[PDB]
Amino acid sequence: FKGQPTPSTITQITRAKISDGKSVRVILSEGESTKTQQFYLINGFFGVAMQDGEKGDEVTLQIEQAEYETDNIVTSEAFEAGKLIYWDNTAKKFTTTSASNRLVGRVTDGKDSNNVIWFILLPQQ
Amino acid sequence: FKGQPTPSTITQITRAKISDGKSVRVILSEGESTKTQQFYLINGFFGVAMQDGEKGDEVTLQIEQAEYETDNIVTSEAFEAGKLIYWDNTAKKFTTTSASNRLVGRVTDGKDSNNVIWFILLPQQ
Amino acid sequence: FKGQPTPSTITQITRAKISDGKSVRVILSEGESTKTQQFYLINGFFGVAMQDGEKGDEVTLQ
Amino acid sequence: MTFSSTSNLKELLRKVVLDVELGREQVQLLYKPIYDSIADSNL
Amino acid sequence: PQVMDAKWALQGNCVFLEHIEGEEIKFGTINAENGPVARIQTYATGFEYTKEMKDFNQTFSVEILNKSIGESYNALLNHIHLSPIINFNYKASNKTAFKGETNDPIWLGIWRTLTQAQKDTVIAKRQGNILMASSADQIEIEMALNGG
Amino acid sequence: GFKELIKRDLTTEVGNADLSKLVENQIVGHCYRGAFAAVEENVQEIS
Amino acid sequence: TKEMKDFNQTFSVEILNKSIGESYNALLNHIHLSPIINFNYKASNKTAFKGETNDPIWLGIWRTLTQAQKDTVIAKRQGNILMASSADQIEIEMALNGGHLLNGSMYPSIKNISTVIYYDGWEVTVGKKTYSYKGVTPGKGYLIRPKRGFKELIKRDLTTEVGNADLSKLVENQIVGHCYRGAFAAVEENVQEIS
């Protein structure tokens, strides 16, 4: 307490793990907004925003590295199975061009007719 | 629903997490065969093929990024604990030399007498 | 009202039409006066003043 | 005073749901007369 | 209300893909099915007749206007209810052709076309239990529906 | 797939009458109704 | 997620159970019947459209049906159950029923068909993909001998289990339904029909 009835010493037990790190909380900047269940590169963290947000708001990105289903791709490029994919934030879409884009996974299931692809999310190197 | 009385718009509640992504299915090409529980670089995926698969077959790779035991090293190179480990697909063997080989993991147990090593599978970079 | 437990956002439903517009209400200037039931051009409005209007007094045109 | 003024304020206006048949067809096991079934957990 | 709100419901989706022993299972999904939206309109009509016409035109009286209102009213009823049916830009699915086209038939052979409709309304589940048609074809549509 | 909505089927009323013109009451009859219909109930026959 | 189970009141587990049941039944139909449809029939089993004639009523499949029955008694197949896409139901019914007179030709009712079945397809849109089991092709049918050359192996009927939750994310148990099943078919129990 504060008005302790007896002097005493408090000893701490240090431990570094605080949470599994599957989901990261982020705060939206001015030029950023998020829709439910969509991919966004916020503050260097790329993941599936699990809550809708707006400027200065706080959302949760899932970075589980699991397999995710998406179609927000430059449809001109063919996303064959196994090819690496990079998030282009200027266009806000998956590509296979690299350049300055952010490497964000590898495709498991190739581009079908509807431009839908299943890909595994790399761990944000 | 076919033949329903009235039209009704279908609203898809989009979700991303198709699968946990521990294992990825692939299809073997005309020059690829797999024995059960061995490492094969198929469609840019490196993992433990869990099924005997001949050319044209469908085989599941395991990419759980857990600890893995293997013996397919090049015997000349001395694998020390902690050294990065790559996959040479020309010779189809692990190797410490980077060159153009694909980075696959990090060695936990050094090269024993029997050329066995224990490593951890790195993500699909 | 004043002693409101909860904040309340007011929703003001509009309506443009306010009155029939038959009688326009005007103010008598200094150099102007009106008599009962007579035609006057008050403030650009021409109509039948129906009150004896003194300067600075009030009247009802038609 | 137009009713169009109160159009947007759906809360004020009474709400009634347009009753209609919504659902999906029930699937059925057509095969069963054709096939003869043998059940054994040890197969 | 002026507009009647739509219904809503939820369904799930899963496929049971073939499972290799090492396979990682693929998850399902859900979706929402929303009903349609209906609205009610206003119709109105009237007259504007001078009292002189009432006074001198002895033929004229209000009951003629009441009869005209009744006629216009029932005509508007049937038109508003049925004109969606007639005016609809039907696609190829709902257009059953004239299957009495077999040469040298008897004109109860429109029966064949009706049978085609009874087939097409049962290929699709939309079984049609009532018919509508111009009265000009009342004879044949009777003969088709009877023992031709 | 066919539904008729009837809020006010028919009301007829007598109204304005400019006595300065010796004009009788305007009569107006009106209804509040709606119809919902669909293509999921119909097949177009020819002949 | 547990939030989704709690706040979204319309959502529950029962929708997932219903969809599991529907997908399960649809795949049972697929595994059991797709061998019949997909099998590469040989000339011995196929029966062409014998009801061609010239200007016959569309119950002329009756003719095409009857020959097929003969084609089973020859070679002793003895087909007994009919399968056909529901589009061709009515004509098949008109064949199976006492199809009306035609030029005085009182064609009799076809017999020794105890049951007819209609395996249309079954489609479902999951997420951003569409998975569908093909039905019987329209304009085709199958006479089937029952239960002799067709055998269903049922190791595990259906096992639904609640799995690995994650308390670190307040996510409810993953639910997984799995089955161990198989089917065995045969060419010696089928005669194909056109229309």
# chains A, B, ... in the order shown; residues from 1 in each chain; ligands from 1

$ select_by_dssp --residues "chain D" --states "strand (DSSP E or B)" --output "mmCIF file with C-alpha atoms, in the first residue's frame"
data_model
loop_
_atom_site.group_PDB
_atom_site.id
_atom_site.type_symbol
_atom_site.label_atom_id
_atom_site.label_comp_id
_atom_site.auth_asym_id
_atom_site.auth_seq_id
_atom_site.Cartn_x
_atom_site.Cartn_y
_atom_site.Cartn_z
ATOM 1 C CA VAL D 17 -40.272 -5.656 -43.160
ATOM 2 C CA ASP D 36 -25.263 -50.921 -50.709
ATOM 3 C CA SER D 37 -23.533 -49.621 -47.595
ATOM 4 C CA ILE D 38 -20.962 -51.439 -45.474
ATOM 5 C CA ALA D 39 -19.929 -49.636 -42.289
#

$ interface_residues --of "chain B" --to "chain G" --cutoff "8 Å" --atoms "only C-alpha atoms" --output "JSON, numbers by chain"
{"B": [12, 13, 14, 15]}

$ atom_distance --atom1 "atom CA of residue 117 of chain B" --atom2 "atom CA of residue 80 of chain B"
9.2 Å

$ residues_around --residues "segment 108-123 of chain E" --least-positions-apart "3" --cutoff "6 Å" --atoms "only C-alpha atoms" --output "PyMOL selection string"
(chain E and resi 98-100+126-127+140+143-144) or (chain G and resi 87)

$ residues_around --residues "residue 60 of chain C" --least-positions-apart "6" --cutoff "9 Å" --atoms "only C-alpha atoms" --output "PyMOL selection string"
chain C and resi 23-26+47-51

$ write_last_selection --atoms "C-alpha atoms" --output "PDB file, in the first residue's frame"
ATOM      1  CA  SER C  23     -49.529  40.993 -47.264  1.00  0.00           C
ATOM      2  CA  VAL C  24     -45.928  42.241 -47.194  1.00  0.00           C
ATOM      3  CA  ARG C  25     -44.875  43.950 -43.953  1.00  0.00           C
ATOM      4  CA  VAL C  26     -42.889  47.200 -44.277  1.00  0.00           C
ATOM      5  CA  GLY C  47     -49.831  47.756 -52.549  1.00  0.00           C
ATOM      6  CA  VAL C  48     -52.829  48.873 -50.552  1.00  0.00           C
ATOM      7  CA  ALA C  49     -51.683  50.128 -47.168  1.00  0.00           C
ATOM      8  CA  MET C  50     -54.398  49.170 -44.669  1.00  0.00           C
ATOM      9  CA  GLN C  51     -53.151  51.110 -41.620  1.00  0.00           C
TER      10      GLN C  51
END

$ interface_residues --of "chain E" --to "chain F" --cutoff "6 Å" --atoms "only C-alpha atoms" --output "ChimeraX atom specification"
/E:40-48,50-51,94-98,126

$ interface_residues --of "chain D" --to "chain C" --cutoff "12 Å" --atoms "only C-alpha atoms" --output "number ranges by chain"
D: 1-9, 11-12

$ write_last_selection --atoms "N, CA, C and O atoms" --output "PDB file, in the first residue's frame"
ATOM      1  N   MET D   1     -46.386  21.330 -44.894  1.00  0.00           N
ATOM      2  CA  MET D   1     -45.214  20.578 -44.362  1.00  0.00           C
ATOM      3  C   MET D   1     -45.066  19.236 -45.065  1.00  0.00           C
ATOM      4  O   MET D   1     -45.843  18.312 -44.833  1.00  0.00           O
ATOM      5  N   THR D   2     -44.053  19.133 -45.918  1.00  0.00           N
ATOM      6  CA  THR D   2     -43.889  17.948 -46.745  1.00  0.00           C
ATOM      7  C   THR D   2     -43.536  16.730 -45.904  1.00  0.00           C
ATOM      8  O   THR D   2     -42.890  16.830 -44.858  1.00  0.00           O
ATOM      9  N   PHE D   3     -43.986  15.565 -46.371  1.00  0.00           N
ATOM     10  CA  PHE D   3     -43.512  14.302 -45.824  1.00  0.00           C
ATOM     11  C   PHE D   3     -42.080  14.005 -46.249  1.00  0.00           C
ATOM     12  O   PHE D   3     -41.403  13.216 -45.585  1.00  0.00           O
ATOM     13  N   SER D   4     -41.606  14.620 -47.337  1.00  0.00           N
ATOM     14  CA  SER D   4     -40.241  14.381 -47.791  1.00  0.00           C
ATOM     15  C   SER D   4     -39.219  14.851 -46.769  1.00  0.00           C
ATOM     16  O   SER D   4     -38.096  14.336 -46.734  1.00  0.00           O
ATOM     17  N   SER D   5     -39.576  15.838 -45.948  1.00  0.00           N
ATOM     18  CA  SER D   5     -38.668  16.293 -44.903  1.00  0.00           C
ATOM     19  C   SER D   5     -38.358  15.174 -43.922  1.00  0.00           C
ATOM     20  O   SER D   5     -37.215  15.029 -43.475  1.00  0.00           O
ATOM     21  N   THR D   6     -39.361  14.371 -43.579  1.00  0.00           N
ATOM     22  CA  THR D   6     -39.200  13.263 -42.650  1.00  0.00           C
ATOM     23  C   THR D   6     -38.772  11.973 -43.338  1.00  0.00           C
ATOM     24  O   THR D   6     -38.709  10.929 -42.680  1.00  0.00           O
ATOM     25  N   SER D   7     -38.488  12.013 -44.641  1.00  0.00           N
ATOM     26  CA  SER D   7     -38.102  10.800 -45.352  1.00  0.00           C
ATOM     27  C   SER D   7     -36.801  10.231 -44.805  1.00  0.00           C
ATOM     28  O   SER D   7     -36.712   9.036 -44.504  1.00  0.00           O
ATOM     29  N   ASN D   8     -35.782  11.078 -44.658  1.00  0.00           N
ATOM     30  CA  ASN D   8     -34.462  10.587 -44.277  1.00  0.00           C
ATOM     31  C   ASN D   8     -34.464  10.018 -42.866  1.00  0.00           C
ATOM     32  O   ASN D   8     -33.777   9.028 -42.591  1.00  0.00           O
ATOM     33  N   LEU D   9     -35.233  10.617 -41.960  1.00  0.00           N
ATOM     34  CA  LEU D   9     -35.235  10.206 -40.557  1.00  0.00           C
ATOM     35  C   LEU D   9     -36.025   8.908 -40.435  1.00  0.00           C
ATOM     36  O   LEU D   9     -37.172   8.871 -39.986  1.00  0.00           O
ATOM     37  N   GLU D  11     -35.770   6.597 -38.404  1.00  0.00           N
ATOM     38  CA  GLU D  11     -36.141   6.259 -37.036  1.00  0.00           C
ATOM     39  C   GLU D  11     -37.548   6.740 -36.718  1.00  0.00           C
ATOM     40  O   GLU D  11     -38.332   6.021 -36.090  1.00  0.00           O
ATOM     41  N   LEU D  12     -37.884   7.958 -37.142  1.00  0.00           N
ATOM     42  CA  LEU D  12     -39.219   8.483 -36.883  1.00  0.00           C
ATOM     43  C   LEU D  12     -40.277   7.671 -37.615  1.00  0.00           C
ATOM     44  O   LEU D  12     -41.320   7.334 -37.042  1.00  0.00           O
TER      45      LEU D  12
END

$ residues_around --residues "segment 45-51 of chain B" --least-positions-apart "4" --cutoff "10 Å" --atoms "only C-alpha atoms" --output "ChimeraX atom specification"
/A:81-83,106-108 /B:23-26,34-41,57-65,68,87,102-104,121-125 /E:20-23

$ residues_around --residues "residue 187 of chain G" --least-positions-apart "5" --cutoff "12 Å" --atoms "only C-alpha atoms" --output "list in words"
residues 35, 36, 37, 38, 39, 40, 41, 42, 43, 44, 45, 46, 77, 142, 143, 144, 145, 148, 149, 150 and 192 of chain G

$ write_last_selection --atoms "N, CA, C and O atoms" --output "PDB file, in the first residue's frame"
ATOM      1  N   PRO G  35     -18.807 -41.135 -60.323  1.00  0.00           N
ATOM      2  CA  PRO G  35     -18.272 -42.231 -61.143  1.00  0.00           C
ATOM      3  C   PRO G  35     -19.188 -42.607 -62.288  1.00  0.00           C
ATOM      4  O   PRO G  35     -18.711 -42.921 -63.385  1.00  0.00           O
ATOM      5  N   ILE G  36     -20.501 -42.564 -62.068  1.00  0.00           N
ATOM      6  CA  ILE G  36     -21.436 -42.907 -63.131  1.00  0.00           C
ATOM      7  C   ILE G  36     -21.330 -41.900 -64.268  1.00  0.00           C
ATOM      8  O   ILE G  36     -21.173 -42.270 -65.436  1.00  0.00           O
ATOM      9  N   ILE G  37     -21.387 -40.612 -63.939  1.00  0.00           N
ATOM     10  CA  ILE G  37     -21.402 -39.583 -64.973  1.00  0.00           C
ATOM     11  C   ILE G  37     -20.062 -39.526 -65.692  1.00  0.00           C
ATOM     12  O   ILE G  37     -20.004 -39.466 -66.924  1.00  0.00           O
ATOM     13  N   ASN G  38     -18.969 -39.549 -64.942  1.00  0.00           N
ATOM     14  CA  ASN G  38     -17.660 -39.328 -65.536  1.00  0.00           C
ATOM     15  C   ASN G  38     -17.104 -40.556 -66.241  1.00  0.00           C
ATOM     16  O   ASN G  38     -16.111 -40.428 -66.965  1.00  0.00           O
ATOM     17  N   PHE G  39     -17.701 -41.730 -66.050  1.00  0.00           N
ATOM     18  CA  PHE G  39     -17.148 -42.946 -66.626  1.00  0.00           C
ATOM     19  C   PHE G  39     -17.180 -42.896 -68.146  1.00  0.00           C
ATOM     20  O   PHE G  39     -18.192 -42.538 -68.751  1.00  0.00           O
ATOM     21  N   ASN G  40     -16.064 -43.271 -68.766  1.00  0.00           N
ATOM     22  CA  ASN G  40     -15.969 -43.310 -70.224  1.00  0.00           C
ATOM     23  C   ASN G  40     -16.705 -44.548 -70.712  1.00  0.00           C
ATOM     24  O   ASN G  40     -16.152 -45.645 -70.773  1.00  0.00           O
ATOM     25  N   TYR G  41     -17.970 -44.364 -71.068  1.00  0.00           N
ATOM     26  CA  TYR G  41     -18.779 -45.465 -71.568  1.00  0.00           C
ATOM     27  C   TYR G  41     -18.262 -45.953 -72.912  1.00  0.00           C
ATOM     28  O   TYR G  41     -17.800 -45.166 -73.741  1.00  0.00           O
ATOM     29  N   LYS G  42     -18.339 -47.264 -73.118  1.00  0.00           N
ATOM     30  CA  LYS G  42     -17.984 -47.883 -74.383  1.00  0.00           C
ATOM     31  C   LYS G  42     -19.240 -48.135 -75.211  1.00  0.00           C
ATOM     32  O   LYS G  42     -20.368 -47.965 -74.747  1.00  0.00           O
ATOM     33  N   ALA G  43     -19.026 -48.556 -76.460  1.00  0.00           N
ATOM     34  CA  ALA G  43     -20.135 -48.717 -77.394  1.00  0.00           C
ATOM     35  C   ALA G  43     -21.150 -49.741 -76.907  1.00  0.00           C
ATOM     36  O   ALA G  43     -22.334 -49.645 -77.244  1.00  0.00           O
ATOM     37  N   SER G  44     -20.714 -50.722 -76.117  1.00  0.00           N
ATOM     38  CA  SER G  44     -21.634 -51.752 -75.653  1.00  0.00           C
ATOM     39  C   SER G  44     -22.729 -51.179 -74.768  1.00  0.00           C
ATOM     40  O   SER G  44     -23.860 -51.673 -74.787  1.00  0.00           O
ATOM     41  N   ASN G  45     -22.417 -50.149 -73.985  1.00  0.00           N
ATOM     42  CA  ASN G  45     -23.378 -49.587 -73.047  1.00  0.00           C
ATOM     43  C   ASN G  45     -24.199 -48.453 -73.636  1.00  0.00           C
ATOM     44  O   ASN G  45     -25.388 -48.339 -73.318  1.00  0.00           O
ATOM     45  N   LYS G  46     -23.602 -47.616 -74.478  1.00  0.00           N
ATOM     46  CA  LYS G  46     -24.309 -46.478 -75.041  1.00  0.00           C
ATOM     47  C   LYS G  46     -25.438 -46.943 -75.947  1.00  0.00           C
ATOM     48  O   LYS G  46     -25.305 -47.931 -76.673  1.00  0.00           O
ATOM     49  N   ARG G  77     -27.744 -57.347 -67.815  1.00  0.00           N
ATOM     50  CA  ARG G  77     -27.561 -56.274 -66.842  1.00  0.00           C
ATOM     51  C   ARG G  77     -28.831 -56.058 -66.030  1.00  0.00           C
ATOM     52  O   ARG G  77     -28.785 -55.937 -64.802  1.00  0.00           O
ATOM     53  N   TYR G 142     -29.330 -42.694 -67.361  1.00  0.00           N
ATOM     54  CA  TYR G 142     -28.621 -43.910 -66.979  1.00  0.00           C
ATOM     55  C   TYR G 142     -29.591 -44.914 -66.379  1.00  0.00           C
ATOM     56  O   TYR G 142     -30.284 -44.603 -65.408  1.00  0.00           O
ATOM     57  N   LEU G 143     -29.635 -46.111 -66.963  1.00  0.00           N
ATOM     58  CA  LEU G 143     -30.278 -47.264 -66.348  1.00  0.00           C
ATOM     59  C   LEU G 143     -29.260 -47.995 -65.494  1.00  0.00           C
ATOM     60  O   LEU G 143     -28.155 -48.293 -65.961  1.00  0.00           O
ATOM     61  N   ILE G 144     -29.650 -48.302 -64.258  1.00  0.00           N
ATOM     62  CA  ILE G 144     -28.744 -48.745 -63.209  1.00  0.00           C
ATOM     63  C   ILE G 144     -29.293 -50.018 -62.587  1.00  0.00           C
ATOM     64  O   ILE G 144     -30.479 -50.083 -62.238  1.00  0.00           O
ATOM     65  N   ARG G 145     -28.424 -51.018 -62.439  1.00  0.00           N
ATOM     66  CA  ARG G 145     -28.722 -52.184 -61.616  1.00  0.00           C
ATOM     67  C   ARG G 145     -28.319 -51.890 -60.174  1.00  0.00           C
ATOM     68  O   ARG G 145     -27.181 -51.482 -59.934  1.00  0.00           O
ATOM     69  N   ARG G 148     -25.570 -54.321 -56.420  1.00  0.00           N
ATOM     70  CA  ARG G 148     -24.719 -55.483 -56.656  1.00  0.00           C
ATOM     71  C   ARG G 148     -23.291 -55.061 -56.986  1.00  0.00           C
ATOM     72  O   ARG G 148     -22.352 -55.427 -56.275  1.00  0.00           O
ATOM     73  N   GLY G 149     -23.115 -54.293 -58.054  1.00  0.00           N
ATOM     74  CA  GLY G 149     -21.825 -53.748 -58.415  1.00  0.00           C
ATOM     75  C   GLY G 149     -21.494 -52.411 -57.793  1.00  0.00           C
ATOM     76  O   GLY G 149     -20.428 -51.858 -58.083  1.00  0.00           O
ATOM     77  N   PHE G 150     -22.380 -51.873 -56.955  1.00  0.00           N
ATOM     78  CA  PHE G 150     -22.194 -50.583 -56.302  1.00  0.00           C
ATOM     79  C   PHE G 150     -22.109 -50.814 -54.802  1.00  0.00           C
ATOM     80  O   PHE G 150     -23.060 -51.326 -54.203  1.00  0.00           O
ATOM     81  N   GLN G 192     -26.162 -46.272 -70.758  1.00  0.00           N
ATOM     82  CA  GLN G 192     -26.351 -44.859 -71.035  1.00  0.00           C
ATOM     83  C   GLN G 192     -27.466 -44.669 -72.054  1.00  0.00           C
ATOM     84  O   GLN G 192     -27.694 -45.514 -72.923  1.00  0.00           O
TER      85      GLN G 192
END
